Amino acid sequence: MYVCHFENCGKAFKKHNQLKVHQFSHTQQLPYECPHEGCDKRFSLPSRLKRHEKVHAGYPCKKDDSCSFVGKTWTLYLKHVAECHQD
RNA sequence: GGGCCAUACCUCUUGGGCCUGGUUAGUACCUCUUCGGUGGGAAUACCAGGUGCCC
Ligand SMILES: [Zn+2]
Ligand SMILES: [Zn+2]
Ligand SMILES: [Zn+2]
């Protein structure tokens, strides 16, 4: 069990990444920063940063075997599907 | 149409994907270590909640 030792706090968490998540509130700064070249986004949780990393990985089409499009963001893939795989 | 880049989608059900909490577990595994200590950190299984926001 990992405990916050902020003044008069004493809150306890199952895992240290949750403890770091909690202390980020007292500090009012975000712990999980994107390390990609040219990026500066920061997130409240590791899973949220992990999800953000998918933005740099892209969103490749799989609606058809003869497709090859990769979207720079989740929206661009969803918009591509509606236009290129409507039926 | 743009920004955040799925709590956004998928499927039509109290479901999948993604998100959060309690348990298995900060255990197993892995970095550094004068072995006192340090940082990251599962899988597999069980239970509960959530399903876009801004211009
Ligand atoms: Zn605290
Ligand atoms: Zn980034
Ligand atoms: Zn396509």
# chains A, B, ... in the order shown; residues from 1 in each chain; ligands from 1

$ residues_around --residues "stretch 19-34 of chain A" --least-positions-apart "3" --cutoff "8 Å" --atoms "only C-alpha atoms (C1' of nucleotides)" --output "list in words"
residues 2, 3, 4, 6, 12, 13, 15, 16, 39, 40, 41, 42, 43, 44, 45, 46, 49, 52 and 53 of chain A

$ interface_residues --of "chain A" --to "chain B" --cutoff "7 Å" --atoms "only C-alpha atoms (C1' of nucleotides)" --output "CSV table (one decimal) with N, CA, C and O atoms, in the first residue's frame"
chain,number,residue,atom,x,y,z
A,15,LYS,N,-1.6,1.1,-5.6
A,15,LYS,CA,-0.4,1.1,-6.5
A,15,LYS,C,0.2,2.5,-6.6
A,15,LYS,O,-0.5,3.5,-6.5
A,55,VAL,N,-1.8,8.4,-31.0
A,55,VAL,CA,-1.9,9.5,-31.9
A,55,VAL,C,-0.6,9.6,-32.8
A,55,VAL,O,-0.7,9.7,-34.0
A,73,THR,N,-4.8,10.8,-36.6
A,73,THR,CA,-5.6,10.9,-35.3
A,73,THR,C,-6.9,10.0,-35.5
A,73,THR,O,-7.2,9.6,-36.6
A,74,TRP,N,-7.5,9.6,-34.4
A,74,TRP,CA,-8.6,8.7,-34.4
A,74,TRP,C,-9.8,9.2,-35.2
A,74,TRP,O,-10.4,8.5,-36.0
A,75,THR,N,-10.0,10.6,-35.2
A,75,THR,CA,-11.1,11.2,-36.0
A,75,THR,C,-10.8,11.0,-37.5
A,75,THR,O,-11.8,10.6,-38.2

$ residues_near_ligand --ligand "ligand 3" --cutoff "9 Å" --atoms "only C-alpha atoms (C1' of nucleotides) and all ligand atoms" --output "list in words"
residues 60, 61, 62, 63, 64, 65, 66, 67, 68, 69, 70, 77, 80, 81, 83, 84 and 85 of chain A

$ write_last_selection --atoms "N, CA and C atoms" --output "mmCIF file, in the first residue's frame"
data_model
loop_
_atom_site.group_PDB
_atom_site.id
_atom_site.type_symbol
_atom_site.label_atom_id
_atom_site.label_comp_id
_atom_site.auth_asym_id
_atom_site.auth_seq_id
_atom_site.Cartn_x
_atom_site.Cartn_y
_atom_site.Cartn_z
ATOM 1 N N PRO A 60 -4.363 2.843 -38.577
ATOM 2 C CA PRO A 60 -4.335 2.200 -39.870
ATOM 3 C C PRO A 60 -5.666 1.526 -40.210
ATOM 4 N N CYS A 61 -6.069 1.634 -41.473
ATOM 5 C CA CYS A 61 -7.318 1.047 -41.943
ATOM 6 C C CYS A 61 -7.231 -0.484 -41.972
ATOM 7 N N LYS A 62 -8.347 -1.128 -41.631
ATOM 8 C CA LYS A 62 -8.480 -2.588 -41.720
ATOM 9 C C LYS A 62 -9.893 -2.973 -42.186
ATOM 10 N N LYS A 63 -10.657 -1.972 -42.666
ATOM 11 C CA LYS A 63 -12.018 -2.209 -43.199
ATOM 12 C C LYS A 63 -11.967 -3.037 -44.498
ATOM 13 N N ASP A 64 -10.822 -2.999 -45.190
ATOM 14 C CA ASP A 64 -10.619 -3.790 -46.415
ATOM 15 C C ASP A 64 -9.136 -4.192 -46.561
ATOM 16 N N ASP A 65 -8.901 -5.401 -47.085
ATOM 17 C CA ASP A 65 -7.538 -5.952 -47.198
ATOM 18 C C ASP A 65 -6.669 -5.118 -48.173
ATOM 19 N N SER A 66 -7.314 -4.470 -49.154
ATOM 20 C CA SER A 66 -6.598 -3.686 -50.185
ATOM 21 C C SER A 66 -6.564 -2.181 -49.825
ATOM 22 N N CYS A 67 -6.832 -1.860 -48.551
ATOM 23 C CA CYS A 67 -6.666 -0.487 -48.043
ATOM 24 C C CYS A 67 -5.263 -0.320 -47.402
ATOM 25 N N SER A 68 -4.798 0.930 -47.292
ATOM 26 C CA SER A 68 -3.431 1.218 -46.786
ATOM 27 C C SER A 68 -3.361 2.587 -46.060
ATOM 28 N N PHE A 69 -4.511 3.260 -45.921
ATOM 29 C CA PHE A 69 -4.574 4.564 -45.250
ATOM 30 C C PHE A 69 -4.203 4.441 -43.761
ATOM 31 N N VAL A 70 -3.440 5.423 -43.256
ATOM 32 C CA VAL A 70 -3.186 5.556 -41.810
ATOM 33 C C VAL A 70 -3.504 6.973 -41.348
ATOM 34 N N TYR A 77 -9.326 8.603 -39.019
ATOM 35 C CA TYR A 77 -9.649 7.223 -39.387
ATOM 36 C C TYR A 77 -11.169 7.028 -39.466
ATOM 37 N N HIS A 80 -12.398 8.775 -42.472
ATOM 38 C CA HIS A 80 -11.962 8.015 -43.654
ATOM 39 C C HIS A 80 -12.887 6.811 -43.902
ATOM 40 N N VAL A 81 -13.277 6.121 -42.821
ATOM 41 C CA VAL A 81 -14.162 4.947 -42.923
ATOM 42 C C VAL A 81 -15.512 5.327 -43.517
ATOM 43 N N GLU A 83 -16.305 7.674 -45.512
ATOM 44 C CA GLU A 83 -16.204 8.087 -46.928
ATOM 45 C C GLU A 83 -15.760 6.911 -47.841
ATOM 46 N N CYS A 84 -14.828 6.083 -47.348
ATOM 47 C CA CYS A 84 -14.157 5.066 -48.192
ATOM 48 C C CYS A 84 -14.768 3.655 -48.003
ATOM 49 N N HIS A 85 -15.491 3.447 -46.892
ATOM 50 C CA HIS A 85 -16.120 2.144 -46.596
ATOM 51 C C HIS A 85 -17.588 2.332 -46.137
#

$ select_by_dssp --residues "stretch 7-81 of chain A" --states "strand (DSSP E)" --output "PyMOL selection string"
chain A and resi 12-13+32-33+42-43+59-60+70-71

$ atom_distance --atom1 "atom CA of residue A:56" --atom2 "atom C1' of residue B:50"
26.3 Å

$ residues_around --residues "residue B:42" --least-positions-apart "5" --cutoff "10 Å" --atoms "only C-alpha atoms (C1' of nucleotides)" --output "JSON, numbers by chain"
{"B": [25, 27, 28, 29]}

$ select_by_dssp --residues "chain A" --states "alpha helix (DSSP H)" --output "VMD selection string"
chain A and resid 16 to 27 46 to 57 74 to 84

$ write_last_selection --atoms "N, CA, C and O atoms" --output "short mmCIF file (atom, residue, chain, number, x, y, z; two decimals), in the first residue's frame"
data_model
loop_
_atom_site.label_atom_id
_atom_site.label_comp_id
_atom_site.auth_asym_id
_atom_site.auth_seq_id
_atom_site.Cartn_x
_atom_site.Cartn_y
_atom_site.Cartn_z
N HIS A 16 1.51 2.63 -6.74
CA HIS A 16 2.24 3.93 -6.61
C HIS A 16 1.86 4.90 -7.74
O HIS A 16 1.91 6.11 -7.55
N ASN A 17 1.50 4.38 -8.91
CA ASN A 17 1.06 5.24 -10.03
C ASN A 17 -0.26 5.98 -9.67
O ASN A 17 -0.45 7.13 -10.06
N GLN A 18 -1.10 5.35 -8.83
CA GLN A 18 -2.31 6.01 -8.31
C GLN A 18 -1.93 7.07 -7.25
O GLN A 18 -2.54 8.14 -7.19
N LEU A 19 -0.92 6.77 -6.43
CA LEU A 19 -0.41 7.74 -5.45
C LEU A 19 0.15 8.99 -6.17
O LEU A 19 -0.20 10.12 -5.83
N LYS A 20 0.97 8.76 -7.20
CA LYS A 20 1.50 9.86 -8.03
C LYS A 20 0.35 10.64 -8.70
O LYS A 20 0.38 11.87 -8.74
N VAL A 21 -0.69 9.92 -9.15
CA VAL A 21 -1.89 10.56 -9.72
C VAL A 21 -2.56 11.49 -8.70
O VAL A 21 -3.00 12.59 -9.04
N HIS A 22 -2.62 11.05 -7.44
CA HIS A 22 -3.26 11.82 -6.39
C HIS A 22 -2.44 13.09 -6.05
O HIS A 22 -3.00 14.18 -5.93
N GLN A 23 -1.12 12.94 -5.92
CA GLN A 23 -0.24 14.06 -5.54
C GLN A 23 -0.20 15.14 -6.63
O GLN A 23 -0.10 16.33 -6.32
N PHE A 24 -0.33 14.73 -7.89
CA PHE A 24 -0.41 15.68 -9.01
C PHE A 24 -1.55 16.71 -8.79
O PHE A 24 -1.43 17.86 -9.18
N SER A 25 -2.60 16.30 -8.06
CA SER A 25 -3.70 17.21 -7.71
C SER A 25 -3.23 18.31 -6.73
O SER A 25 -3.49 19.50 -6.95
N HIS A 26 -2.50 17.91 -5.67
CA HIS A 26 -1.96 18.88 -4.68
C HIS A 26 -0.94 19.84 -5.33
O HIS A 26 -0.88 21.02 -4.99
N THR A 27 -0.15 19.30 -6.26
CA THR A 27 0.89 20.09 -6.97
C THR A 27 0.28 20.90 -8.13
O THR A 27 0.88 21.85 -8.63
N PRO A 46 -1.39 7.20 -16.62
CA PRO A 46 -0.47 6.52 -17.54
C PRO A 46 -1.21 5.92 -18.74
O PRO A 46 -0.72 5.97 -19.87
N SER A 47 -2.41 5.39 -18.50
CA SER A 47 -3.25 4.83 -19.58
C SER A 47 -3.70 5.94 -20.55
O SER A 47 -3.85 5.69 -21.75
N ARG A 48 -3.88 7.17 -20.03
CA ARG A 48 -4.28 8.32 -20.87
C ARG A 48 -3.11 8.78 -21.76
O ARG A 48 -3.31 9.05 -22.94
N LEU A 49 -1.89 8.76 -21.21
CA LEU A 49 -0.68 9.02 -21.99
C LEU A 49 -0.45 7.89 -23.02
O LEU A 49 -0.16 8.15 -24.19
N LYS A 50 -0.61 6.64 -22.58
CA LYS A 50 -0.51 5.46 -23.48
C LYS A 50 -1.48 5.59 -24.66
O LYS A 50 -1.11 5.33 -25.81
N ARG A 51 -2.71 6.04 -24.37
CA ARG A 51 -3.72 6.29 -25.42
C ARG A 51 -3.28 7.44 -26.34
O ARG A 51 -3.37 7.33 -27.56
N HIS A 52 -2.74 8.51 -25.74
CA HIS A 52 -2.21 9.64 -26.52
C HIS A 52 -1.07 9.19 -27.46
O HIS A 52 -0.96 9.66 -28.58
N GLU A 53 -0.24 8.25 -27.00
CA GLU A 53 0.87 7.74 -27.82
C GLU A 53 0.35 7.13 -29.14
O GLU A 53 1.02 7.20 -30.17
N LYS A 54 -0.87 6.56 -29.10
CA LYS A 54 -1.51 6.00 -30.30
C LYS A 54 -1.70 7.09 -31.39
O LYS A 54 -1.72 6.77 -32.57
N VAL A 55 -1.79 8.36 -30.97
CA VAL A 55 -1.89 9.49 -31.93
C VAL A 55 -0.63 9.56 -32.82
O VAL A 55 -0.73 9.74 -34.03
N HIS A 56 0.53 9.33 -32.21
CA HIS A 56 1.80 9.32 -32.95
C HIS A 56 1.99 8.00 -33.73
O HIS A 56 2.60 7.99 -34.80
N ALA A 57 1.42 6.91 -33.21
CA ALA A 57 1.45 5.61 -33.90
C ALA A 57 0.49 5.60 -35.13
O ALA A 57 0.74 4.90 -36.12
N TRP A 74 -7.49 9.62 -34.36
CA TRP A 74 -8.64 8.70 -34.35
C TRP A 74 -9.80 9.24 -35.22
O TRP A 74 -10.42 8.49 -35.98
N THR A 75 -10.04 10.56 -35.15
CA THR A 75 -11.08 11.21 -35.97
C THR A 75 -10.84 10.96 -37.46
O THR A 75 -11.77 10.63 -38.19
N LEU A 76 -9.59 11.14 -37.91
CA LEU A 76 -9.26 11.03 -39.34
C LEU A 76 -9.53 9.62 -39.87
O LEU A 76 -9.97 9.45 -41.01
N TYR A 77 -9.33 8.60 -39.02
CA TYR A 77 -9.65 7.22 -39.39
C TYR A 77 -11.17 7.03 -39.47
O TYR A 77 -11.68 6.52 -40.46
N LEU A 78 -11.88 7.49 -38.44
CA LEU A 78 -13.34 7.37 -38.40
C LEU A 78 -14.00 8.10 -39.61
O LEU A 78 -14.90 7.57 -40.25
N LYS A 79 -13.48 9.30 -39.92
CA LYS A 79 -13.95 10.08 -41.09
C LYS A 79 -13.60 9.37 -42.41
O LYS A 79 -14.41 9.32 -43.33
N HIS A 80 -12.40 8.77 -42.47
CA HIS A 80 -11.96 8.02 -43.65
C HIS A 80 -12.89 6.81 -43.90
O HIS A 80 -13.28 6.54 -45.04
N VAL A 81 -13.28 6.12 -42.82
CA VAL A 81 -14.16 4.95 -42.92
C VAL A 81 -15.51 5.33 -43.52
O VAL A 81 -16.03 4.62 -44.38
N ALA A 82 -16.08 6.43 -43.04
CA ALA A 82 -17.41 6.85 -43.47
C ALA A 82 -17.44 7.17 -44.99
O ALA A 82 -18.46 7.00 -45.65
N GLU A 83 -16.30 7.67 -45.51
CA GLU A 83 -16.20 8.09 -46.93
C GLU A 83 -15.76 6.91 -47.84
O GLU A 83 -16.21 6.80 -48.98
N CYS A 84 -14.83 6.08 -47.35
CA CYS A 84 -14.16 5.07 -48.19
C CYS A 84 -14.77 3.65 -48.00
O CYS A 84 -14.60 2.78 -48.86
#

$ closest_residue --among "A:5, A:36, A:72, A:14" --to "ligand 1" --atoms "only C-alpha atoms and all ligand atoms"
A:5
